[PDB]
Each structure stands twice: as C-alpha cells, then as structure tokens.
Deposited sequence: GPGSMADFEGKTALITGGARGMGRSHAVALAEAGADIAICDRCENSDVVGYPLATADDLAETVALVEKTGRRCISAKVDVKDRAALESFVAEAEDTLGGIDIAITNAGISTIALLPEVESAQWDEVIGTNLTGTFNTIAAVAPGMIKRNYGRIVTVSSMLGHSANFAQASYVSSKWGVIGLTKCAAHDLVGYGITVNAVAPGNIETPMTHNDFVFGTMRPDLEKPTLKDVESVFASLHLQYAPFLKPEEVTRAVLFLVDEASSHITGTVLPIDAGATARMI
C-alpha cells in the first residue's frame, strides 16, 4: 500500500477534487485530516460545501479503513489552520502530505470587480495557500519529510476575460509554490503545483455557472478551452497527478507545475 503509515492534510476536502484526493489517499493507505469552510460566500455566485458534505467525505475515508479527522476551517484564518494542524499532528502522528486544495472561482470584468470579491479570491486561493504551507511546514521540518501539492489552474499560466481575481491568485500560487520549494528544500520537503483544466466538480457544475440551462447547453464553451474533445475531466484525473507528486519516490521533483488540462498546455507554456 503506497501510502500506508502516512498522514495527509487536504483543505477544501468537503467535496469535488478535495474529496477525490482524500479518498484516493485513504484507499492507498494514508490517514486523513480534512477541513473545509462549510459555508457560502456572499461574493461567490455558486453554493460552497456544507457540514453534511464534509461528514460524507469523512464517511467515505473511514469506509476504506483509515482514521479521519475533520473540522470546519476557513483557510484565510491562519490561527484556525494552525490549531487544526496541531490537532492532526497529535491525533495522527505528524502530517506527511499537504494538499492546499481549498479555493473559489468568480466571474467579473475589470474595472467593475468589487473589492470584497477581489479580497475573498486572493484571500482564499493565494493567502489560504500561504497559510496552509506555513501551518504544516514546522512539523514537516521537525520530521525532515513532506510532500506539499498546491492547486493552481490552466489559468495560472494563461489568462481570459473577466477573471482578474481568479487568475491573479493562481499565478501567485505558482510563484508561492516555487518559493516554498526553496525555503523548505533542506528538510526533505517538496512543493509542487497541479494546474487542472476544466474539471467536473460543483465549482463548475451548478446553476450560477450555467447561467453565466443544461449541461449540454454549456459544453461547447468549456470545450473551447481544451485541445482534446473532452469538455470536462474527472476529478480522479487530477488526483492521480497529485499522487504521483506526493509519492516518497518524488524526492527530487520540486518547484514544478504539472498540468492536467486535456491539451490546453499544448497551446502554450
């Protein structure tokens, strides 16, 4: 079992990719700590995860036979993350693997992007990643082991219309990934990013995103973003890149960005 006797922390673990990552790590043998904000944002048009979503991930992780701990945590809140990390380090015996998956997407054109919306997207997606790295690194340093995977986007090395907040945060995540990779280099820690294309999760599959109306009605616009026919990839397709990077054998892969985007990267760098 590849990951037996490891422990993983996944932020935004209540649904979508975060649940996917937690469940696959659990199946391969890791104990799991998941957290999620479990509430809506006024500046986000689609519903975020709920308390029941989170319990369901816990139930799915436990079904594999692993230990799981969970908590309602806003990654913007550094003290809150640090407290939950302390619990996990003590309940599960140190955190080996951190996935900074918590994140939000918005659509709004410049100059009419609301400061509160900018704040939340930068805050959750970029500062929340910073807060998560900074929260797990001391334990990984003391243990001279870790694998941190950050989550950027296709949009983390490109750009589109009406995406200033989201794109700025996902570019900064890549910069952040490479710095953490420097600072933690000497302690047996790696830091890499996954950059997904369009993934079928409740971030993209909801009535607000459809509005800006069927799945069938929106597919062509999503498909234009990809080189390959596929309008949406499965969360599992990103999870297997995550698992490749957080393997112990990825000791000398650090500071990298791995795209899972159906050939969108074929168009660019």
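Walk along the deposited sequence from position 1 and note every stretch that has no C-alpha coordinates.
Coordinates drop out over 1-5, 218-224.
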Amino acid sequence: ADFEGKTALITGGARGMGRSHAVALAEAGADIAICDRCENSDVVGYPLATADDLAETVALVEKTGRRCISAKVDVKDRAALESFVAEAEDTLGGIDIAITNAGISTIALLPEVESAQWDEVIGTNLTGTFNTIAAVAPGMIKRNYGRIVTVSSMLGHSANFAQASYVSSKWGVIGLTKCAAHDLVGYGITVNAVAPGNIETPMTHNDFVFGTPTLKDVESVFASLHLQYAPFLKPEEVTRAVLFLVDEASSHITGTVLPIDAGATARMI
From here on, numbers count along this sequence of modelled residues.
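If you average the Cα B factors in the entry, which is higher, 166-174 or 136-144?
The stretch with the larger mean CA B-factor is 136-144.
Once you work out the mean C-alpha B-factor for both 231-239 and 201-209 from the entry, which is higher?
Comparing 201-209 with 231-239, the higher mean C-alpha B-factor belongs to 201-209.
Out of 183, 119, 96, 89, which shows the largest CA B-factor listed in the entry?
Answer for 183, 119, 96, 89: 89, with the highest C-alpha B-factor.
Relative to the other modelled residues of the same chain, rank the CA B-factor of residue 72 and answer lowest, middle or highest third.
Highest third - that is where residue 72 ends up once the chain's C-alpha B-factors are sorted.
Lowest, middle or highest third of the chain for the C-alpha temperature factor of residue 150?
Answer is lowest: the recorded C-alpha B-factor places it there.
What third of its chain's C-alpha B-factors does residue 192 belong to: lowest, middle or highest?
According to the entry, residue 192 has a C-alpha B-factor in the chain's lowest third.
State the tercile, meaning the lowest, middle or highest third, of residue 156 with respect to the CA B-factors recorded for its chain.
Its C-alpha B-factor, which the entry lists for residue 156, ranks in the middle third among residues of this chain.
Splitting the chain's C-alpha B-factors into thirds, which one does residue 106 fall into?
CA B-factor rank for residue 106: middle third.
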